[PDB]
Amino acid sequence: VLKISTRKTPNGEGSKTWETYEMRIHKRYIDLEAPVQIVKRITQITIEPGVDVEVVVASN
Amino acid sequence: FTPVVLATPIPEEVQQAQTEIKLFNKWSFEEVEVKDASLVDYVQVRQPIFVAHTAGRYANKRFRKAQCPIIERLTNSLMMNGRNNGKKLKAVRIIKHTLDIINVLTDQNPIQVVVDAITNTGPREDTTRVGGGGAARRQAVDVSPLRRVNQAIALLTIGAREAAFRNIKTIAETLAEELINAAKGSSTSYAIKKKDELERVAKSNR
Amino acid sequence: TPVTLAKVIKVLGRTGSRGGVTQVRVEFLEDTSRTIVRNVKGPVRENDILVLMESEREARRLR
Amino acid sequence: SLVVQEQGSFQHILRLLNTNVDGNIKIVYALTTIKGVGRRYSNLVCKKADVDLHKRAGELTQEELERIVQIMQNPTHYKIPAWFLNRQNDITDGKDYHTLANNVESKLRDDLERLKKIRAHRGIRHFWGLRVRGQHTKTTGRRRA
Amino acid sequence: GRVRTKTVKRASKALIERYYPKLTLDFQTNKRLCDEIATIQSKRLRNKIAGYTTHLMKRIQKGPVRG
Amino acid sequence: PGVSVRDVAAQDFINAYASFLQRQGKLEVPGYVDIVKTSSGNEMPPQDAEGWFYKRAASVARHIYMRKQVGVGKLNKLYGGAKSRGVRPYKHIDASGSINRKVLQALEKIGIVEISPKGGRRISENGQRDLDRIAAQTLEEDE
Amino acid sequence: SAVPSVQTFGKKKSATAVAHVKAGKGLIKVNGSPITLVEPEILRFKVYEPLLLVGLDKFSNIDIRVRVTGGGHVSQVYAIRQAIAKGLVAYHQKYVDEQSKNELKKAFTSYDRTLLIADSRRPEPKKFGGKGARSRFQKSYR
Amino acid sequence: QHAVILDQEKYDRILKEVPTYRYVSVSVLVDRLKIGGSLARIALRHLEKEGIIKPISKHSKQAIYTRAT
Amino acid sequence: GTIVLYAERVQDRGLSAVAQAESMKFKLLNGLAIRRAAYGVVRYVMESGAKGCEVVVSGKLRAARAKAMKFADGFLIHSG
RNA sequence: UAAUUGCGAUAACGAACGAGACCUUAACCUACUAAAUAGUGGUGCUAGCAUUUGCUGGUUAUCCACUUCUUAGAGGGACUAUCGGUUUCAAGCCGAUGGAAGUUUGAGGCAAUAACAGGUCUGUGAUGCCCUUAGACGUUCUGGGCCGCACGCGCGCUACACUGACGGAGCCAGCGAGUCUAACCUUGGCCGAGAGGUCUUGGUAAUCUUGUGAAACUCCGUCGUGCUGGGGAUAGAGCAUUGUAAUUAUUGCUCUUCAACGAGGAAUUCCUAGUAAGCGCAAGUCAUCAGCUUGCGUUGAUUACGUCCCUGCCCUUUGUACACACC
């Protein structure tokens, strides 16, 4: 949960009213064991705007 | 008391004095009566407990404050003036010590010495700020048996609090000195002083 | 020193301009055949027992 | 259990370093009446001087009083590190000192005189009676004296 | 205080008018009926409504309700 | 019947072992240890001048025992209290590093502790048995 | 082999305290140490409390591992006294008999200081304008 | 002032008086006598030699002793 | 080559309040009047399948002291 | 009723915006789908006490199992339920029982119509007009200044001590942050009283810092009512740290000087339950600097469950010579 707190006013007039904006970042990981085709296949068949995808090879 | 044993010891002063009767720290709740009617139902001394500390919840419905033992209601009124707020553990240690001092000074049940003090200090009648007209005079209303316990404890702690300030004694001492002078209105008790002052005023402007 | 107990039957409302005083009706404990209206300071419900100083009085409206 | 009495051995209010030192107050905090010694220093000098810190100032023989005064003025010779000292790396002598007694008002008067003579800014602040460390003076520091 | 709004009470009056024989005196069962004969956008409202429908029920079976 | 240090009162235990250490002659009380303050947060030097170093050392032995590994850093904050900053508010302030360190090195010489993998120290079999033998003594001290 | 054990927890504020109750020789340990030594001090009997209202003999046939995290010094105490009394009634629930279990419940709720039902109190958010959740900075007018 | 050193005569009082009162604390010895209080705490460890006074409650904050036996 | 620009039309420009906002600019930039250009955009939105519409113009409409004319129609909600 | 919230009364009938619904957060779930970046039980391998099988640990995966605690998806759950007391025996209120929760569940986000000559042109490469434009009111550079101190007012920090201070030892959070064409969050080793130095290390992060081993606090002792070891202002001397740069002390560290303040006058602010108050911590700022704010958890109460007496706003009645509207 990203949080940003600012003052509602530009400049400094009025009762001191604050705000707080959020950005919510959801992470999860799925493990698979698949040969040549099903690797790049699975990366591009399941793609979507807004959703970031990155695949790690293995080990180190 | 049929002392049973298990893989992790558990002391003998623990097994006995507990599983038989649910004493206080180790004082008995039985054989202690509120020696004044009209103040029972409120001064709660009938449900026993070991330490004057519980996850209470007496500020939701109005009168629920009464199913709270007066011991813990006494302790809770100890922890005040800014520097003491919230330090309950300290207060229970004060009160536990206050009862030992009392018991020594006059046999009896210390928990009875306390209950005695609350009853004899709650003002029977009191003064209210009536309209009066200009120099607003007063009127002499009576005070609730809930307040009779409320303002009592209130006086019995403000007494021992202001007593043991820049004085060589401790809180458990000036509280065992203020409970003792109130368990039998010695009139050298700060509370008894205020009490016989309210009733005095409430008798004079009626 | 004569002292009279009194048990609540019913609670009227609340007087005093600030709202401090509460009117109530009580039995006379030792004698059920009496019934007097008194002014109170603290919070009073039903069945709780007053402690009357002067056992006559019986007042009413209060600011 | 030091429930011991001592007859006429106890002697309250003695004198060290030209200052008056009460006897009825404990050793560590007794000495601290002396301009130049404080709680940590008086706690340390009495250690090196093999003084039983539990005593009162009224106790301790003139012998045990001599092993304290001596260490106190020549402190660095008794495994007392220099950071514990109130005037290290002087400015006109380069030695580590720990001035005591009247010489705390003396070397203070001197230091203040030094950087007043040379007319440094800080000095002029000491002269005008103002505040010399860069604190504010607009809202605070009133009442004076 | 807990004073049910008109949006709630309106739905309560409307159901009972055209679904009395099916509706009962129990909240839990009523609650499930609403999901079969009414489209509601939030769970609380449906619970809020179904709770008030049963309120009218427990007093219909006690004499006719005013309106 | 099989005593752990996890069966002894931490006040009783550490009081006991910190005497078994002082009367055992050998540890290695640092050159200072009569002038030091244990933390810059503190105000005065420790009141038990003669053997406070033995107090801490014992406490650490117990403390590493009931863990996996604890370095100089973790110990400096463990013993750090509050620091009066005069007319300003209080904050947390870490304790002396030289103190805790010299404790952890003087405790290797007596094989109570030892450098562990993953960093920090760890109680050894030599010391594990050593606190498990004095655990009894202060648990059997009922006449 | 794997023993007939059960597992309950007890939360007070931010103190969730896991418990384990396996059939054994009657040991009762919190955080690698016997329950006799729970050293927040005066609140000692607060953790003894469940072992007395229900009869000291009930535990002799069962082992108690209680590990605690979070909260504070007092909140952990109420969190462990709750984990204990909740595993006993959950032991009779599964391995023993219904009649016996309610006998244990009845011994608690007739005394219940939380014991086997979670105290729902939590802290309230601060909002801008003061330092407390309700408390407000001092204003000065004219 | 008070007394932060035993005057021996002062040691006569402590051995022959404290068995009178059934409550003896740090402040008790300070009020009735004029002990320093620093030497009252030590007076209590001493008075538990063969126990002129008997203990019931010992604590850093509070010391609660009684009469003899 | 690692980034490519595409080009749609629009999902009926009578519902995107951005294109309409841009329209009100141009209309007034094309010398058209306040109430004319306002009612005009609104009526286009109503006849575009919307539930409601509100076009507010703030500033100095008749010069000097500035004002604010609200031209709204249909059904609107504000709060939750 | 918290509410133009509703029951109703009804020349009104039927409706829309606002309130409510809603959305977020905190509470419950042994029911479902899962987990070497979260856990637990067994098992290897291993250490110590007891050896009576037992108790406490080590082992980044030894192997196997599971989802209670953790995470977050999908759902369930409450609707003031059930009973009673009241009232047009209507909306509703009160009590008791049950329930994770019964105060709009706690707390918020959002928030109509109409208005103000409120503030902001010093956030804007938003802007009309004027001003000025090469002796510049443009930009940049060196130095100084914004902090200057007889004094008046506001917000605050530390305090006046024993319900404490100091010294040991006990030891428990949650919200959070963190390094590319770069030097952030930093463990551990060593060095140094300290503050800090040096050598390595992990972490683009449920993995590493971090169990953020926080403070209040618990305990054990020293001091003993003494402007006292309560209090830490003023000031001297020295070591370091940030930075091109520290004097007008940036901050940190150590020694010493050891003030006012003995509970605060007329007045006056804030507050109803995990609330007040006390306690510290992360985050903003940030090269360095928090006594400031935005949040967080730890400890955790006295009183009220009322009224219109005061100060305000709301509705209605009423007066009006007010409409630039009682400035």
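Just so you know, all these numbers are worked out from the coordinates, no wet-lab data involved. Because the Cβ atoms are built from the backbone with ideal geometry, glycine has one as well, and the counts that use them run over all protein chains shown.
Looking at B:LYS193 and the list (1) touching a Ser or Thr at 6+ places or on another chain (Cβ under 6 Å); (2) without any contact (Cβ under 8 Å) to a residue 60 or more places away in the chain, which single condition is not satisfied?
Going through the list (1) touching a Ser or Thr at 6+ places or on another chain (Cβ under 6 Å); (2) without any contact (Cβ under 8 Å) to a residue 60 or more places away in the chain, B:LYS193 breaks only (1).
Okay, residues lined up against (1) touching a residue at least 24 places away in the same chain (Cβ under 8 Å); (2) not in a helix (DSSP H, G or I):
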| residue | (1), (2) |
| --- | --- |
| E:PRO21 | no, yes |
| E:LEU25 | yes, yes |
| E:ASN47 | no, no |
| E:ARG66 | no, yes |
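Looking for something over 18 Å from B:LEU146 (Cα atoms), free of Cβ contacts under 8 Å to residues at least 24 places away in the same chain, part of a loop (DSSP other than H, G, I, E, B) and not hydroxyl-bearing (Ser, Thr, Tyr) - is there at least one such residue anywhere in the range C:31-52? Write out each step before concluding.
Let us first name the residues in the range C:31-52 that are over 18 Å from B:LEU146 (Cα atoms), namely C:31-37.
If we keep only those that are free of Cβ contacts under 8 Å to residues at least 24 places away in the same chain as well, we get C:31-34.
Keeping just the survivors that are part of a loop (DSSP other than H, G, I, E, B) gives none.
No, the range C:31-52 contains no residue that is over 18 Å from B:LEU146 (Cα atoms), free of Cβ contacts under 8 Å to residues at least 24 places away in the same chain, part of a loop (DSSP other than H, G, I, E, B) and not hydroxyl-bearing (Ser, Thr, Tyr).
Quick grid of which residues meet (1) on the phi < 0 side of the Ramachandran plot; (2) not basic (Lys, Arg):
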{"residue": "F:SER19", "(1), (2)": "yes, yes"}
{"residue": "F:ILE35", "(1), (2)": "yes, yes"}
{"residue": "F:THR38", "(1), (2)": "no, yes"}
{"residue": "F:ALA58", "(1), (2)": "yes, yes"}
{"residue": "F:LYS68", "(1), (2)": "yes, no"}
{"residue": "F:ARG85", "(1), (2)": "yes, no"}
{"residue": "F:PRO89", "(1), (2)": "yes, yes"}
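Say whether the condition of being loosely packed, with under 10 Cβ neighbours inside 10 Å, among the charged types (D, E, K, R) and in contact (Cβ under 8 Å) with a residue 12 or more places away in the chain is met by at least one residue in the range A:18-36.
Within the range A:18-36 (the criterion being loosely packed, with under 10 Cβ neighbours inside 10 Å, among the charged types (D, E, K, R) and in contact (Cβ under 8 Å) with a residue 12 or more places away in the chain), the answer is yes, since at least one residue qualifies.
Of F:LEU104, F:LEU131, which residue is touching a strand residue (DSSP E or B) at 6+ places or on another chain (Cβ under 9 Å) and within 7 Å of RNA strand J (Cβ to nearest atom)?
Details: F:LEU131 fails: within 7 Å of RNA strand J (Cβ to nearest atom).
Of the residues listed, the single one that is touching a strand residue (DSSP E or B) at 6+ places or on another chain (Cβ under 9 Å) and within 7 Å of RNA strand J (Cβ to nearest atom) is F:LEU104.
Which ones in the range D:1-40 are within 14 Å of chain H (Cβ to nearest Cβ) and not in a loop (DSSP other than H, G, I, E, B)? Before the answer, list the steps.
Initially, the range D:1-40 is screened for residues within 14 Å of chain H (Cβ to nearest Cβ), giving D:1-13, D:22-30.
Once the filter is applied, which keeps residues that are within 14 Å of chain H (Cβ to nearest Cβ) and not in a loop (DSSP other than H, G, I, E, B), the range D:1-40 yields D:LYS26, D:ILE27, D:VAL28, D:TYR29, D:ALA30.
Can you tell me which residue in the range F:68-94 is surrounded by the most Cβ atoms within 10 Å (Cβ to Cβ), limited to those that are assigned to a helix (DSSP H, G or I) and within 6 Å of RNA strand J (Cβ to nearest atom)?
Keep residues of the range F:68-94 that are assigned to a helix (DSSP H, G or I), which gives F:72-78.
Still in the running and within 6 Å of RNA strand J (Cβ to nearest atom): F:72-74, F:77-78.
Values: F:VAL72: 18, F:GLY73: 13, F:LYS74: 14, F:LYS77: 11, F:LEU78: 14.
Result: F:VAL72.
From the list B:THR121, B:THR127, which residue is closer than 30 Å to C:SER17 by Cα, more than 8 Å from every other protein chain (Cβ to nearest Cβ) and in contact with a strand residue (DSSP E or B) (Cβ under 9 Å, 6 or more places away or on another chain)?
B:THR127
Pull up the range D:110-123, narrow it to residues that are of a type outside the set (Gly, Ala, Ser) and over 27 Å from the mean Cα position of the chain (by Cα), then point me to the one that is nearest to RNA strand J (Cβ to nearest atom).
Step one: filter the range D:110-123 for residues of a type outside the set (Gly, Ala, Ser), giving D:110-119, D:121-122.
Right, trim to over 27 Å from the mean Cα position of the chain (by Cα) and you get D:118-119, D:121.
On the way: D:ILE118: 11, D:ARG119: 11, D:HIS121: 4 Å.
Once the filter is applied, the top-ranked residue is D:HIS121.
Looking at the range D:64-83, I want the residues that are at negative phi and have a partner that is polar (S, T, N, Q) with Cβ atoms under 7 Å, at least 6 apart or on another chain. Which pairs are those?
As it stands, the answer is D:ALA82/D:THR76; D:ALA82/D:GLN88, since those pairs meet every condition given.
Output the number of residues of the range B:25-42 satisfying the condition of being touching a helix residue (DSSP H, G or I) at 6+ places or on another chain (Cβ under 6 Å) and of a type in the set (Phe, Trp, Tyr).
Looking only at that region, the number is 2.
Looking at the range B:48-80, which of the residues that are among the polar types (S, T, N, Q) and under 24 Å from C:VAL8 (Cβ atoms) is nearest to RNA strand J (Cβ to nearest atom)? It would help to see each step written out before you state the result.
To start, the set of residues in the range B:48-80 that are among the polar types (S, T, N, Q) comprises B:54, B:60, B:67, B:75-77.
From the residues that got through so far, the ones that are under 24 Å from C:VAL8 (Cβ atoms) too are B:60, B:67.
Details: B:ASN60: 5, B:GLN67: 9 Å.
It comes out as B:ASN60.
Which of the residues that make up the range B:134-156 are within 10 Å of the chain's Cα centre (by Cα), within 11 Å of chain C (Cβ to nearest Cβ) and surrounded by 22 or more Cβ atoms within 10 Å (Cβ to Cβ)?
B:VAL149
Of the residues that make up the range G:82-96, is at least one within 7 Å of RNA strand J (Cβ to nearest atom), more than 14 Å from the chain's Cα centre (by Cα) and either of a type in the set (D, E, K, R) or more than 14 Å from chain A (Cβ to nearest Cβ) (or both)? Explain how you work it out, then say what you get.
Taking the range G:82-96 and keeping what is within 7 Å of RNA strand J (Cβ to nearest atom), we get G:86, G:90.
After this cut, where a residue has to be more than 14 Å from the chain's Cα centre (by Cα) as well, the list is none.
No.
Of all residues in the range B:81-120, which are closer than 20 Å to B:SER189 by Cα and within 13 Å of RNA strand J (Cβ to nearest atom)?
Once the filter is applied, which keeps residues that are closer than 20 Å to B:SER189 by Cα and within 13 Å of RNA strand J (Cβ to nearest atom), the range B:81-120 yields B:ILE94, B:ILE95, B:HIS97, B:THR98, B:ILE101, B:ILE118.
Among the candidates E:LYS13, E:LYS6, E:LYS48, which residue alone is near RNA strand J (Cβ under 10 Å from one of its atoms), exposed (fewer than 11 other Cβ atoms within 10 Å of the Cβ) and away from every other protein chain (no Cβ under 14 Å)?
Details: E:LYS13 fails: exposed (fewer than 11 other Cβ atoms within 10 Å of the Cβ); E:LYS48 fails: exposed (fewer than 11 other Cβ atoms within 10 Å of the Cβ).
Result: E:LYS6 is the single residue among E:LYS13, E:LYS6, E:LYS48 that is near RNA strand J (Cβ under 10 Å from one of its atoms), exposed (fewer than 11 other Cβ atoms within 10 Å of the Cβ) and away from every other protein chain (no Cβ under 14 Å).
Write out, first by first residue and then by second, each pair whose Cβ atoms fall under 7 Å of each other, whose residues are 6+ apart or on separate chains, and whose first residue, in the range G:26-51, is more than 7 Å from every other protein chain (Cβ to nearest Cβ) and farther than 22 Å from G:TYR91 by Cα while the second is surrounded by 21 or more Cβ atoms within 10 Å (Cβ to Cβ) and among the small types (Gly, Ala, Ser).
Listed pairs, sorted by first residue: none to list.
Tell me the helices (runs of 4 or more DSSP H) entirely within chain H that contain at least 1 residues that are surrounded by 13 or more Cβ atoms within 10 Å (Cβ to Cβ) and more than 14 Å from chain D (Cβ to nearest Cβ). Break it down into steps so the answer makes sense when it comes.
Details: elements: H:9-17, H:26-32, H:41-46.
Filter on chain H gives H:9-17, H:26-32.
Being part of a loop (DSSP other than H, G, I, E, B) and more than 13 Å from chain G (Cβ to nearest Cβ) is the filter here; which residues of the range B:51-84 pass it? Before you say what the answer is, go through the steps one by one.
Here is the first cut: in the range B:51-84, the residues part of a loop (DSSP other than H, G, I, E, B) are B:51-61, B:67-68, B:79-81.
Hits for the range B:51-84 are B:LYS61, B:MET79, B:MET80, B:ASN81.
With (1) closer than 17 Å to F:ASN15 by Cα; (2) among the small types (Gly, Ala, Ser); (3) in contact with a strand residue (DSSP E or B) (Cβ under 6 Å, 6 or more places away or on another chain) as the list, and F:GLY80 as the residue in question, which single condition is left unmet?
(1)
From the list B:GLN67, B:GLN16, exactly one residue is within 19 Å of B:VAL114 (Cβ to Cβ) and among the polar types (S, T, N, Q). Which is it? Let's see the steps before the verdict.
Details: B:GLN16 fails: within 19 Å of B:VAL114 (Cβ to Cβ).
Unique residue meeting the criteria: B:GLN67.
Within the set of pairs 6+ apart or on separate chains, which have a first residue in the range B:108-127 that is among the hydroxyl-bearing types (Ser, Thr, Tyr), a second that is not in a loop (DSSP other than H, G, I, E, B), and C-beta atoms under 6 Å apart?
B:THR121/B:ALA152; B:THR121/B:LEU155; B:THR121/B:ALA182; B:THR121/B:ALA191; B:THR121/B:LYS195; B:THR127/B:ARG138; B:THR127/B:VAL201; B:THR127/B:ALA202
Just to be sure before I move on: is D:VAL21 in contact with a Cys (Cβ under 7 Å, 6 or more places away or on another chain) and either crowded, with 20+ Cβ neighbours inside 10 Å or farther than 20 Å from H:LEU6 by Cα (or both) in the structure I sent?
Numbers: in contact with a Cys (Cβ under 7 Å, 6 or more places away or on another chain): no; either crowded, with 20+ Cβ neighbours inside 10 Å or farther than 20 Å from H:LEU6 by Cα (or both): yes.
So D:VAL21 does not fit the description; no.
Which residue out of B:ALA172, B:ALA164 is touching a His at 6+ places or on another chain (Cβ under 6 Å) and either at the interface with another protein chain (Cβ under 8 Å from one of its Cβ atoms) or over 29 Å from B:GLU31 (Cβ atoms) (or both)? Spell out how you get there, then give the answer.
Details: B:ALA164 fails: touching a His at 6+ places or on another chain (Cβ under 6 Å).
Exactly one of B:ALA172, B:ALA164 is touching a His at 6+ places or on another chain (Cβ under 6 Å) and either at the interface with another protein chain (Cβ under 8 Å from one of its Cβ atoms) or over 29 Å from B:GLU31 (Cβ atoms) (or both), namely B:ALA172.
Within the range F:1-44, how many residues are more than 6 Å from RNA strand J (Cβ to nearest atom), part of a helix (DSSP H, G or I) and touching a strand residue (DSSP E or B) at 6+ places or on another chain (Cβ under 8 Å)?
Here the count works out to 1.
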